[PDB]
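Q: My structure file run-v6.pdb, PDB, C-alpha atoms and all ligand atoms, is below:
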ATOM      1  CA  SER A   1      17.909  -6.874  10.429
ATOM      2  CA  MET A   2      14.977  -5.782  12.517
ATOM      3  CA  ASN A   3      12.423  -3.517  10.928
ATOM      4  CA  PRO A   4      13.034   0.101  10.016
ATOM      5  CA  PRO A   5      10.662   2.769  11.270
ATOM      6  CA  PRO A   6       7.504   2.767   9.163
ATOM      7  CA  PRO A   7       7.118   5.253   6.306
ATOM      8  CA  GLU A   8       6.200   8.798   7.326
ATOM      9  CA  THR A   9       2.450   9.397   7.460
ATOM     10  CA  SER A  10       2.412  13.113   8.378
ATOM     11  CA  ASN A  11       4.386  16.122   7.210
ATOM     12  CA  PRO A  12       3.405  19.203   9.185
ATOM     13  CA  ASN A  13       5.271  21.517   6.815
ATOM     14  CA  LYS A  14       3.374  20.341   3.728
ATOM     15  CA  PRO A  15       0.125  22.193   2.872
ATOM     16  CA  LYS A  16      -3.070  20.216   2.569
ATOM     17  CA  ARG A  17      -5.974  19.976   0.151
ATOM     18  CA  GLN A  18      -8.882  17.614  -0.468
ATOM     19  CA  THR A  19      -9.459  17.239  -4.187
ATOM     20  CA  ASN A  20     -11.998  15.062  -6.008
ATOM     21  CA  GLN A  21      -9.185  12.645  -6.889
ATOM     22  CA  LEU A  22      -7.993  12.331  -3.296
ATOM     23  CA  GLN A  23     -11.581  11.805  -2.149
ATOM     24  CA  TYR A  24     -11.958   8.987  -4.659
ATOM     25  CA  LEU A  25      -8.656   7.426  -3.610
ATOM     26  CA  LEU A  26      -9.787   7.273   0.002
ATOM     27  CA  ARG A  27     -13.507   6.541  -0.324
ATOM     28  CA  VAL A  28     -13.338   4.148  -3.287
ATOM     29  CA  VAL A  29      -9.870   2.803  -4.058
ATOM     30  CA  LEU A  30      -8.427   2.353  -0.579
ATOM     31  CA  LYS A  31     -11.815   1.384   0.887
ATOM     32  CA  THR A  32     -12.368  -1.337  -1.724
ATOM     33  CA  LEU A  33      -8.916  -2.862  -1.384
ATOM     34  CA  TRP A  34      -8.889  -2.597   2.429
ATOM     35  CA  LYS A  35     -12.127  -4.545   2.712
ATOM     36  CA  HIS A  36     -11.032  -7.319   0.322
ATOM     37  CA  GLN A  37     -10.432 -10.706   1.934
ATOM     38  CA  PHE A  38      -6.771 -10.658   0.875
ATOM     39  CA  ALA A  39      -6.068  -7.274   2.497
ATOM     40  CA  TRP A  40      -4.882  -8.293   5.992
ATOM     41  CA  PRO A  41      -1.210  -8.954   5.203
ATOM     42  CA  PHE A  42      -1.030  -5.636   3.335
ATOM     43  CA  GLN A  43      -2.723  -3.566   6.088
ATOM     44  CA  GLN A  44       0.542  -2.810   7.943
ATOM     45  CA  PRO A  45       4.276  -2.917   7.102
ATOM     46  CA  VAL A  46       6.038  -6.167   6.349
ATOM     47  CA  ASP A  47       7.386  -7.377   9.685
ATOM     48  CA  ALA A  48      10.630  -9.148   8.928
ATOM     49  CA  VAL A  49      11.013 -10.272  12.536
ATOM     50  CA  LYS A  50       7.580 -11.876  12.824
ATOM     51  CA  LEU A  51       7.852 -13.396   9.327
ATOM     52  CA  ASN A  52      11.482 -14.398   9.866
ATOM     53  CA  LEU A  53      12.814 -12.620   6.771
ATOM     54  CA  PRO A  54      16.355 -11.589   7.668
ATOM     55  CA  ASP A  55      17.148 -10.280   4.169
ATOM     56  CA  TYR A  56      13.884  -8.454   3.397
ATOM     57  CA  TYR A  57      15.465  -4.970   3.726
ATOM     58  CA  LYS A  58      18.603  -5.980   1.850
ATOM     59  CA  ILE A  59      16.250  -6.511  -1.122
ATOM     60  CA  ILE A  60      13.465  -3.987  -0.454
ATOM     61  CA  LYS A  61      14.729  -0.451   0.234
ATOM     62  CA  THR A  62      11.392   1.264  -0.436
ATOM     63  CA  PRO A  63       8.867  -0.607   1.690
ATOM     64  CA  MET A  64       5.222   0.328   1.413
ATOM     65  CA  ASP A  65       1.880  -1.035   2.676
ATOM     66  CA  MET A  66      -1.801  -0.153   2.703
ATOM     67  CA  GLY A  67      -1.800   0.808   6.384
ATOM     68  CA  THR A  68       0.638   3.554   5.479
ATOM     69  CA  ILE A  69      -1.429   4.543   2.448
ATOM     70  CA  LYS A  70      -4.615   4.669   4.529
ATOM     71  CA  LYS A  71      -2.962   6.862   7.149
ATOM     72  CA  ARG A  72      -1.511   9.119   4.475
ATOM     73  CA  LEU A  73      -4.945   9.618   2.900
ATOM     74  CA  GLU A  74      -6.709  10.054   6.245
ATOM     75  CA  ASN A  75      -4.012  12.510   7.389
ATOM     76  CA  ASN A  76      -4.003  14.508   4.138
ATOM     77  CA  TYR A  77      -0.368  13.667   3.608
ATOM     78  CA  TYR A  78      -0.818  13.479  -0.186
ATOM     79  CA  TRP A  79      -1.053  16.677  -2.231
ATOM     80  CA  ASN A  80      -1.052  14.890  -5.612
ATOM     81  CA  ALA A  81      -3.044  11.775  -6.521
ATOM     82  CA  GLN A  82       0.082  10.482  -8.254
ATOM     83  CA  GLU A  83       1.855  10.195  -4.906
ATOM     84  CA  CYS A  84      -0.762   7.716  -3.728
ATOM     85  CA  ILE A  85      -0.876   5.754  -6.981
ATOM     86  CA  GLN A  86       2.923   5.463  -6.776
ATOM     87  CA  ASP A  87       2.654   4.040  -3.239
ATOM     88  CA  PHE A  88       0.184   1.351  -4.300
ATOM     89  CA  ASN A  89       2.481   0.443  -7.179
ATOM     90  CA  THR A  90       5.500   0.239  -4.855
ATOM     91  CA  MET A  91       3.614  -2.028  -2.477
ATOM     92  CA  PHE A  92       2.711  -4.494  -5.242
ATOM     93  CA  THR A  93       6.112  -4.344  -6.925
ATOM     94  CA  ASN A  94       7.951  -5.089  -3.677
ATOM     95  CA  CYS A  95       5.840  -8.208  -3.235
ATOM     96  CA  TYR A  96       6.707  -9.425  -6.747
ATOM     97  CA  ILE A  97      10.417  -8.695  -6.178
ATOM     98  CA  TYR A  98      10.775 -10.583  -2.905
ATOM     99  CA  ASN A  99       8.464 -13.532  -3.579
ATOM    100  CA  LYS A 100       8.031 -16.120  -6.347
ATOM    101  CA  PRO A 101       5.268 -16.613  -8.971
ATOM    102  CA  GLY A 102       3.805 -19.655  -7.214
ATOM    103  CA  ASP A 103       3.409 -18.047  -3.796
ATOM    104  CA  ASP A 104       0.124 -17.398  -1.984
ATOM    105  CA  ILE A 105       1.079 -13.795  -1.192
ATOM    106  CA  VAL A 106       1.867 -13.127  -4.893
ATOM    107  CA  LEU A 107      -1.509 -14.503  -5.989
ATOM    108  CA  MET A 108      -3.102 -12.218  -3.396
ATOM    109  CA  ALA A 109      -1.093  -9.206  -4.567
ATOM    110  CA  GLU A 110      -2.065  -9.847  -8.191
ATOM    111  CA  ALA A 111      -5.743 -10.040  -7.300
ATOM    112  CA  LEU A 112      -5.519  -6.817  -5.296
ATOM    113  CA  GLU A 113      -3.587  -5.115  -8.097
ATOM    114  CA  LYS A 114      -6.237  -6.099 -10.639
ATOM    115  CA  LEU A 115      -8.884  -4.621  -8.378
ATOM    116  CA  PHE A 116      -6.747  -1.500  -7.932
ATOM    117  CA  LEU A 117      -6.533  -1.069 -11.685
ATOM    118  CA  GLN A 118     -10.306  -1.532 -12.080
ATOM    119  CA  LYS A 119     -10.930   1.187  -9.495
ATOM    120  CA  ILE A 120      -8.261   3.636 -10.626
ATOM    121  CA  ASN A 121      -9.718   3.325 -14.135
ATOM    122  CA  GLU A 122     -12.665   5.328 -12.896
ATOM    123  CA  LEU A 123     -10.588   8.011 -11.085
ATOM    124  CA  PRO A 124     -12.367  11.300 -11.873
ATOM    125  CA  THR A 125     -10.870  14.101 -13.944
TER     126      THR A 125
HETATM  127  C1  LIG B 201      -1.047  -9.299   9.940
HETATM  128  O1  LIG B 201      -0.073  -9.796   9.006
HETATM  129  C2  LIG B 201      -0.077 -11.128   8.686
HETATM  130  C3  LIG B 201      -0.871 -12.103   9.309
HETATM  131  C4  LIG B 201      -0.789 -13.443   8.941
HETATM  132  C5  LIG B 201      -1.597 -14.431   9.595
HETATM  133  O2  LIG B 201      -1.411 -14.549  10.842
HETATM  134  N1  LIG B 201      -2.543 -15.238   9.026
HETATM  135  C6  LIG B 201      -3.068 -16.381   9.759
HETATM  136  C7  LIG B 201      -3.020 -17.681   8.944
HETATM  137  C8  LIG B 201      -3.645 -17.466   7.544
HETATM  138  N2  LIG B 201      -3.616 -18.739   6.764
HETATM  139  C9  LIG B 201      -4.090 -19.987   7.453
HETATM  140  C10 LIG B 201      -3.684 -21.242   6.647
HETATM  141  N3  LIG B 201      -4.225 -21.135   5.260
HETATM  142  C11 LIG B 201      -3.983 -22.345   4.438
HETATM  143  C12 LIG B 201      -3.752 -19.898   4.576
HETATM  144  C13 LIG B 201      -4.178 -18.665   5.391
HETATM  145  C14 LIG B 201      -3.024 -16.262   6.790
HETATM  146  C15 LIG B 201      -3.004 -15.002   7.673
HETATM  147  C16 LIG B 201       0.076 -13.776   7.867
HETATM  148  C17 LIG B 201       0.865 -12.809   7.234
HETATM  149  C18 LIG B 201       0.785 -11.471   7.641
HETATM  150  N4  LIG B 201       1.531 -10.433   7.159
HETATM  151  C19 LIG B 201       2.253 -10.300   6.041
HETATM  152  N5  LIG B 201       2.712  -9.070   5.752
HETATM  153  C20 LIG B 201       3.398  -8.850   4.648
HETATM  154  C21 LIG B 201       3.670  -9.899   3.726
HETATM  155  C22 LIG B 201       3.207 -11.189   4.112
HETATM  156  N6  LIG B 201       2.498 -11.358   5.247
HETATM  157  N7  LIG B 201       3.576 -12.292   3.388
HETATM  158  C23 LIG B 201       2.776 -13.462   3.644
HETATM  159  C24 LIG B 201       4.905 -12.463   3.024
HETATM  160  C25 LIG B 201       5.551 -13.671   3.397
HETATM  161  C26 LIG B 201       6.913 -13.861   3.138
HETATM  162  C27 LIG B 201       7.672 -12.862   2.532
HETATM  163  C28 LIG B 201       7.062 -11.671   2.138
HETATM  164  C29 LIG B 201       5.690 -11.460   2.383
HETATM  165  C30 LIG B 201       5.092 -10.262   1.803
HETATM  166  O3  LIG B 201       5.587  -9.823   0.737
HETATM  167  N8  LIG B 201       3.987  -9.597   2.364
HETATM  168  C31 LIG B 201       3.401  -8.455   1.706
HETATM  169 CL    CL B 202       8.348  -0.604   9.262
HETATM  170 CL    CL B 203      20.597  -2.947   5.358
END
When written as structure tokens, how does the structure in this file appear?

A:
Amino acid sequence: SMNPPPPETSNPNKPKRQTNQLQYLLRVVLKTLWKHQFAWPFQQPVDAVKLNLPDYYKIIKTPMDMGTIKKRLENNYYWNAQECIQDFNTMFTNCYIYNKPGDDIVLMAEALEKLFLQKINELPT
């Protein structure tokens, strides 16, 4: 297939709030991962046309990426911190599902996930 539309990044019907946890997710967690050397491939949706991955969306029905997460945080899409944590987890898990233990992109995902866990460890109460 071609690519689906990217995940929604705004919901005008959903109320908005900026909590200490959401602040930390944007200013610390997302910022740290985004600026990591390995971030580029995760900064926008998987492009199955450009990467020549005809079966990507047969396998991955819940795509996610850090570009989407960034936009969601910057747009105040998330009401609960858990929504954002779940998106990071989906992004990493999809990479492990589609690819193989040896692969460069998997090594990159694992490094980013470790960093994610180190940062989320200090998520405020
Ligand atoms: C802006 O998005 C991307 C840019 C590039 C890219 O042009 N370069 C330039 C060449 C560069 N190399 C130069 C040669 N060197 C030895 C290694 C580094 C690596 C980065 C490469 C990949 C990009 N995007 C990308 N999105 C989602 C994917 C994914 N890739 N990978 C690699 C996957 C590959 C196959 C199947 C799935 C994925 C995947 O799960 N993710 C998350
Ligand atoms: Cl997309
Ligand atoms: Cl399909």

Q: Quick check, in Å to one decimal: how far apart do atom CA of residue 36 of chain A and atom CA of residue 84 of chain A lie?

A: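 Here the two named atoms are 18.7 Å from each other.
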
Q: Pick from A:105, A:59, A:30, A:123: nearest to residue 71 of chain A, with all atoms listed in the file counted?

A: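 Of A:105, A:59, A:30, A:123, the one nearest residue 71 of chain A is A:30, counting all atoms listed in the file.
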
Q: Quick one: residues within 12 Å of (0.5, 4.5, 4.3) (file frame), counting all atoms listed in the file, please, as an NGL selection string.

A: :A and (6-10 or 26 or 30 or 34 or 42-45 or 63-78 or 83-88 or 90-91)

Q: Please measure the separation of atom CA of residue 27 of chain A and atom CA of residue 118 of chain A, giving the value in Å to one decimal.

A: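 Those two atoms sit 14.6 Å apart.
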
Q: Give me, please, the distance in Å between atom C15 of ligand LIG 201 (chain B) and atom CA of residue 38 of chain A, quoted to one decimal.

A: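 Straight-line distance from atom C15 of ligand LIG 201 (chain B) to atom CA of residue 38 of chain A works out to 8.9 Å.
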
Q: Padding 4 Å on every side, please: axis-aligned box over the listed atoms of segment 80-93 of chain A, centre and edge lengths to one decimal in Å, as AutoDock Vina command-line options.

A:
--center_x 1.5 --center_y 5.2 --center_z -5.4 --size_x 17.2 --size_y 27.4 --size_z 13.8

Q: Return as number ranges by chain the residues of protein, DNA or RNA that approach ligand LIG 201 (chain B) to within 12 Å, with all atoms listed in the file taken into account.

A: A: 37-57, 59-60, 63-67, 88, 90-101, 103-110, 112

Q: When you look at residue 122 of chain A with a cut-off of 12 Å (counting all atoms listed in the file), what residues show up, excluding the ones that are within fewer than 3 positions of it in the same chain? I need them as a PyMOL selection string.

A: chain A and resi 20-21+24-25+28-29+115-119+125

Q: Using only C-alpha atoms, which residue out of A:13, A:58, A:19, A:114 lies closest to residue 33 of chain A?

A: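 When distances to residue 33 of chain A are compared using only C-alpha atoms, the smallest one comes from A:114.
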
Q: Pick from A:121, A:82, A:62, A:3: nearest to ligand CL 202 (chain B), with only C-alpha atoms and all ligand atoms counted?

A: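 For ligand CL 202 (chain B), the nearest of the candidates is A:3.
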